[PDB]
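Each answer follows from the model by the rule given with it, or from the source it names; no laboratory read-out is quoted. Cβ coordinates were reconstructed from backbone atoms using ideal geometry, including for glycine residues, and neighbour counts include every protein chain displayed.
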Amino acid sequence: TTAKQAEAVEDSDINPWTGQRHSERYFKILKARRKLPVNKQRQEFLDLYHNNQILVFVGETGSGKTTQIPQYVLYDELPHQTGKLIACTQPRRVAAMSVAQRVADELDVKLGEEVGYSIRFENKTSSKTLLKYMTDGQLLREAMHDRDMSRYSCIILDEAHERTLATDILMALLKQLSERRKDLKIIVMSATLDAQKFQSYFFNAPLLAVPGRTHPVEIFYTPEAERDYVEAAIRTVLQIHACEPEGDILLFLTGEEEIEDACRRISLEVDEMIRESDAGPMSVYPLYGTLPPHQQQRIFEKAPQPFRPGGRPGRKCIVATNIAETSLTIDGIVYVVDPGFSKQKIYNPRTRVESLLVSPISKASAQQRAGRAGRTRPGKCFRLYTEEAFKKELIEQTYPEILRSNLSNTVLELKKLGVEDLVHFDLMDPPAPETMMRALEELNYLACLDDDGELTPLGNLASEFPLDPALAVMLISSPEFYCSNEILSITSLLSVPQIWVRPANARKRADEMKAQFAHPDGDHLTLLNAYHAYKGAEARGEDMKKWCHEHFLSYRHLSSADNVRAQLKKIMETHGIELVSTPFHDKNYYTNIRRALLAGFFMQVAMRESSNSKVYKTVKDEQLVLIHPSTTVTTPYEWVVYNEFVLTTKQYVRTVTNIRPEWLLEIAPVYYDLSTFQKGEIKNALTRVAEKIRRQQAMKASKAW
Ligand SMILES: Nc1ncnc2c1ncn2[C@@H]1O[C@H](COP(=O)(O)OP(=O)(O)O)[C@@H](O)[C@H]1O
Ligand SMILES: [Mg+2]
């Protein structure tokens, strides 16, 4: 129970968890581990853990705080083994999976056995699991079925400073739960030191702070901004690899596509650089949210060394998103390239505009990025933006995600959790009252709540799905349109990255191939066609990776979509939701699907303003939009249902499907209650089609007597 006793247990020959003998790797890694900053304060941790129910832990990135602390807890409760588990929550998937693998290696056990991870649609655990690294959202969803979280004896909320939505809701739930369950330990971990609010919130909880031990980082700035930050970044990476000593490079970018393309171009220009120059070898690794486990783990490979000793220093380049900002640490990094951008989620209430958007980072973010370089040795950060700009463009911190998000899912989850008074829920930072209200009416239109604010059977059923309320409701309602299977496929496809691949060498081909999958009526149906082609090839016995390459489709994203589809399907079967399909010979096959979309996306509809323009106008928001140029639809109809709302230089809607206005009035009578529309073109059009519907009811057949 004391620190040295725990160490002596760790030092033993046999593995206490598996009854097998420890490997040499285990002792190598152990001896390595005990050099970490958190180690020398282990005892001080244990004390604080032994005398307190709730504890606040604060340390810099690279301390050991995520990999070591759960293990400290594990070995501490080892002598009196409890039947419950240890949960560590990471706001980022990749962090959870990667760290799970690491701690698996440190405990000398198989991943998914004693140490396991839990992500939405990705479960690497079993009955053997004592330590689970999960996404905070995943734990939040577990709480909905288990309000007291009876399977956990200790819960470690990690990376709390990121102030994500699920983390905050979890903090509230756990504050309220610490009063009921005194047998539950709670450890809140952070990187930013200002956790006095965390203390005050959790009944003045104690604080353990690890002294920062980062080496000095020298910060470099450009003279004047460079418009295209990507090639700036690439030329920077090249200039470093050619004109600097030993070390590894951390290059921050925005998303998957940018990262892959940049990796490829860097690889090319480095390859040519080898044949012509003094520059040594350089391996390049991508790092982003959707990346599969193997490719995640490949970033921890060590750099290649020169062809001949004494010169040509070789190295690694990690082209990562802001995951590498604070969530995880890579050793060997000495240089950091910071273009100053990240993909941030923004939400405007009034305009109802929810969107992902590449935007300027925060001052705090910038400082973290710079900080990573000076861990092992003193390092330098190349910031592409100007110093003056740094000083006065950059917001000082990224505001709480709660403050900038759609709270429909949140309110649904809270209702499922039993919260009967939302506007008093003791969250750390209460959301804007009008925003949460908007969540309430959005839930009202989906018929997930009754007039008493309680869950509709449909709402309760919707909470059982790992989906946004709209998507969930669409899926659940689909049997009424006699196309549940197809809507399942489409839900799955909508829940994974885009499936299209467009390599630089084969663009014209790729595009054309994409066009071959195109359905005339909409993008959802195009996705459906591609997926069906994929399943046909799979059934036929084809090599699906080769088939996907050959057809310019992402095998990763498609297989992922199939995984998601499987899980959603068995959730559907559990709760008695019918799986039905219209015979393809029927003329209503596609119309049933297009209509089925309106069950969940009746609020994301736009109307073409005139024939003299390609401009569409959203319903009840009066937002001017264009159909995104990445459409398989060559003939957009007057009315469209869109899935996404992206903002670049112009406001786009993405993944649109042609619909008939009558369907809006039929499937969505309450929301398209015409008397609740403002004066304008949309109201007039819908009025005309309504009056048209009345003419249609020419029949006077019912009269009986
Ligand atoms: N997947 C991994 N493979 C090898 N080493 C790792 C891995 N993840 C983290 N580490 C090491 O563990 C140390 C502590 O980092 P970690 O505990 O993951 O996060 P935190 O910064 O919260 O402590 C780092 O110095 C890093 O070198
Ligand atoms: Mg960590």
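Here's the yes/no breakdown for (1) in contact with a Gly (Cβ under 8 Å, 6 or more places away or on another chain); (2) part of a strand (DSSP E or B):
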{"position": "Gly116", "(1), (2)": "no, yes"}
{"position": "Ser126", "(1), (2)": "yes, no"}
{"position": "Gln138", "(1), (2)": "no, no"}
{"position": "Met149", "(1), (2)": "no, no"}
{"position": "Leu174", "(1), (2)": "no, no"}
{"position": "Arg180", "(1), (2)": "no, no"}
{"position": "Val188", "(1), (2)": "no, yes"}
{"position": "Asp194", "(1), (2)": "no, no"}
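Of the residues making up region 672-705, those that are part of a helix (DSSP H, G or I) and of a type outside the set (A, V, I, L, M, F, W, C) are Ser675, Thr676, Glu681, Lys683, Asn684, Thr687, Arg688, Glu691, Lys692, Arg694, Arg695, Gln696.
All conditions but one from (1) surrounded by 15 or more Cβ atoms within 10 Å (Cβ to Cβ); (2) more than 30 Å from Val358 (Cβ to Cβ) apply to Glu644; the one that does not is (2).
Does region 102-113 contain any residue that is of a type in the set (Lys, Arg), buried (at least 19 other Cβ atoms within 10 Å of the Cβ), part of a helix (DSSP H, G or I) and within 16 Å of ligand 1 (Cβ to nearest atom)? Yes, there is a match, as at least one residue in region 102-113 is of a type in the set (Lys, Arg), buried (at least 19 other Cβ atoms within 10 Å of the Cβ), part of a helix (DSSP H, G or I) and within 16 Å of ligand 1 (Cβ to nearest atom).
Tell me, yes or no, whether region 37-51 has at least one residue that is assigned to a helix (DSSP H, G or I) and touching a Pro at 6+ places or on another chain (Cβ under 8 Å). Looking through region 37-51, at least one residue is assigned to a helix (DSSP H, G or I) and touching a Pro at 6+ places or on another chain (Cβ under 8 Å). Contact map, region 62-74: first residue within 12 Å of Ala100 (Cβ to Cβ), second residue within 6 Å of ligand 1 (Cβ to nearest atom), Cβ cut-off under 7 Å, separation 6 or more or different chains; pairs are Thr66/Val99; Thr67/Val99; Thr67/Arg102.
Among the residues of region 295-317, none qualifies, meaning not one is β-branched (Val, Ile, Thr), part of a loop (DSSP other than H, G, I, E, B) and either buried (at least 22 other Cβ atoms within 10 Å of the Cβ) or assigned by CATH to the domain that holds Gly374 (or both).
Here's a check for you: in region 359-371, which residue that is in contact with an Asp or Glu (Cβ under 9 Å, 6 or more places away or on another chain) and in a strand (DSSP E or B) is farthest from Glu396 (Cα to Cα)?
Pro360
When region 11-32 is limited to residues that are outside any loop (DSSP other than H, G, I, E, B) and in contact with a strand residue (DSSP E or B) (Cβ under 7 Å, 6 or more places away or on another chain), the one that is farthest from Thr82 (Cα to Cα) turns out to be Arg21. Is it fair to say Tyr555 is in the same structural domain as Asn588 (by CATH) and touching a residue at least 40 places away in the same chain (Cβ under 8 Å)? Here the answer is no, as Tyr555 does not meet what is asked. Report whether or not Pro669 is of a type outside the set (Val, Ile, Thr), within 18 Å of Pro520 (Cβ to Cβ) and in a loop (DSSP other than H, G, I, E, B). No: the conditions fail for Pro669.
Figure legend. Inter-residue proximity from region 433-461: first residues outside the structural domain of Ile667 (by CATH), second residues part of a helix (DSSP H, G or I) and hydroxyl-bearing (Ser, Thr, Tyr), beta-carbon distance below 6 Å, spacing 6+ or different chains. Indicated pairs: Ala439/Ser408; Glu442/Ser408; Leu443/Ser408.
Regarding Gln367, is this residue within 16 Å of ligand 1 (Cβ to nearest atom), surrounded by fewer than 21 Cβ atoms within 10 Å (Cβ to Cβ) and either in the same structural domain as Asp158 (by CATH) or not hydrophobic (A, V, I, L, M, F, W, C) (or both)?
Spelling it out, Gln367 is indeed within 16 Å of ligand 1 (Cβ to nearest atom), surrounded by fewer than 21 Cβ atoms within 10 Å (Cβ to Cβ) and either in the same structural domain as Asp158 (by CATH) or not hydrophobic (A, V, I, L, M, F, W, C) (or both).
Just checking, does region 103-112 include any residue being within 26 Å of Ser495 (Cβ to Cβ) and charged (D, E, K, R)? No: region 103-112 contains no residue that is within 26 Å of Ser495 (Cβ to Cβ) and charged (D, E, K, R). Name the residues in region 69-101 that are away from ligand 1 (no atom under 12 Å from the Cβ), part of a helix (DSSP H, G or I) and within 21 Å of the chain's Cα centre (by Cα), would you? Of everything in region 69-101, just one residue is away from ligand 1 (no atom under 12 Å from the Cβ), part of a helix (DSSP H, G or I) and within 21 Å of the chain's Cα centre (by Cα), namely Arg93. Applying the condition of being among the small types (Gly, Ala, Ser) and within 16 Å of ligand 2 (Cβ to nearest atom) to region 312-328 and asking which residue is farthest from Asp248 (Cα to Cα) yields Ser327. Is it the case that some residue within region 229-239 is over 19 Å from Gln368 (Cβ atoms), in a helix (DSSP H, G or I), in contact with a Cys (Cβ under 7 Å, 6 or more places away or on another chain) and not assigned by CATH to the domain that holds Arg502? The answer is yes, given that some residue of region 229-239 is over 19 Å from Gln368 (Cβ atoms), in a helix (DSSP H, G or I), in contact with a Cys (Cβ under 7 Å, 6 or more places away or on another chain) and not assigned by CATH to the domain that holds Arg502.
Among all residues of region 114-128, there is none that is of a type in the set (A, V, I, L, M), away from ligand 1 (no atom under 16 Å from the Cβ) and surrounded by 23 or more Cβ atoms within 10 Å (Cβ to Cβ).
For every residue, the table says whether it meets (1) away from ligand 1 (no atom under 16 Å from the Cβ); (2) within 22 Å of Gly116 (Cα to Cα).
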{"site": "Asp11", "(1), (2)": "yes, no"}
{"site": "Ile14", "(1), (2)": "yes, yes"}
{"site": "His22", "(1), (2)": "yes, yes"}
{"site": "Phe27", "(1), (2)": "no, yes"}
{"site": "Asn39", "(1), (2)": "no, no"}
{"site": "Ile54", "(1), (2)": "yes, no"}
{"site": "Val58", "(1), (2)": "no, no"}
{"site": "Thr67", "(1), (2)": "no, yes"}
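One residue stands out among those in region 98-125 that are within 13 Å of ligand 2 (Cβ to nearest atom) and not small (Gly, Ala, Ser): the one that is farthest from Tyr26 (Cα to Cα), which is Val99. The set of residues in region 395-434 being farther than 18 Å from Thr167 by Cα and surrounded by 17 or more Cβ atoms within 10 Å (Cβ to Cβ) is empty.
Considering every residue within region 503-520, establish whether at least one is hydrophobic (A, V, I, L, M, F, W, C), in contact with a strand residue (DSSP E or B) (Cβ under 8 Å, 6 or more places away or on another chain) and without any contact (Cβ under 8 Å) to a residue 60 or more places away in the chain. Yes.
Per-residue answers, yes or no, for (1) touching a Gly at 6+ places or on another chain (Cβ under 6 Å); (2) in contact (Cβ under 8 Å) with a residue 60 or more places away in the chain:
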site: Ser359; (1), (2): no, no
site: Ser365; (1), (2): no, no
site: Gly371; (1), (2): no, yes
site: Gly379; (1), (2): no, yes
site: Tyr385; (1), (2): yes, yes
site: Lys391; (1), (2): no, no
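Among the residues of region 159-196, those that are closer than 22 Å to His50 by Cβ and among the acidic types (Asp, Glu) comprise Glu179, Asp183.
The residue list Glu354, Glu325, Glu420, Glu388 contains one member that is among the acidic types (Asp, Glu) and part of a strand (DSSP E or B), which is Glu354.
Condition (residue is free of Cβ contacts under 8 Å to residues at least 40 places away in the same chain, assigned by CATH to the domain that holds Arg151, among the hydrophobic types (A, V, I, L, M, F, W, C) and within 27 Å of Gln176 (Cα to Cα)) applied to region 75-89: is it met by at least one residue? So far as region 75-89 goes, no, none of its residues is free of Cβ contacts under 8 Å to residues at least 40 places away in the same chain, assigned by CATH to the domain that holds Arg151, among the hydrophobic types (A, V, I, L, M, F, W, C) and within 27 Å of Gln176 (Cα to Cα). Scan region 1-40 for residues that are of a type in the set (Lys, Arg) and either surrounded by 16 or more Cβ atoms within 10 Å (Cβ to Cβ) or more than 25 Å from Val58 (Cα to Cα) (or both) and the total you get is 4. Picking from residues in region 191-211 that are within 26 Å of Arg372 (Cβ to Cβ) and in contact with a helix residue (DSSP H, G or I) (Cβ under 8 Å, 6 or more places away or on another chain), the one that is nearest to ligand 2 (Cβ to nearest atom) is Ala191.
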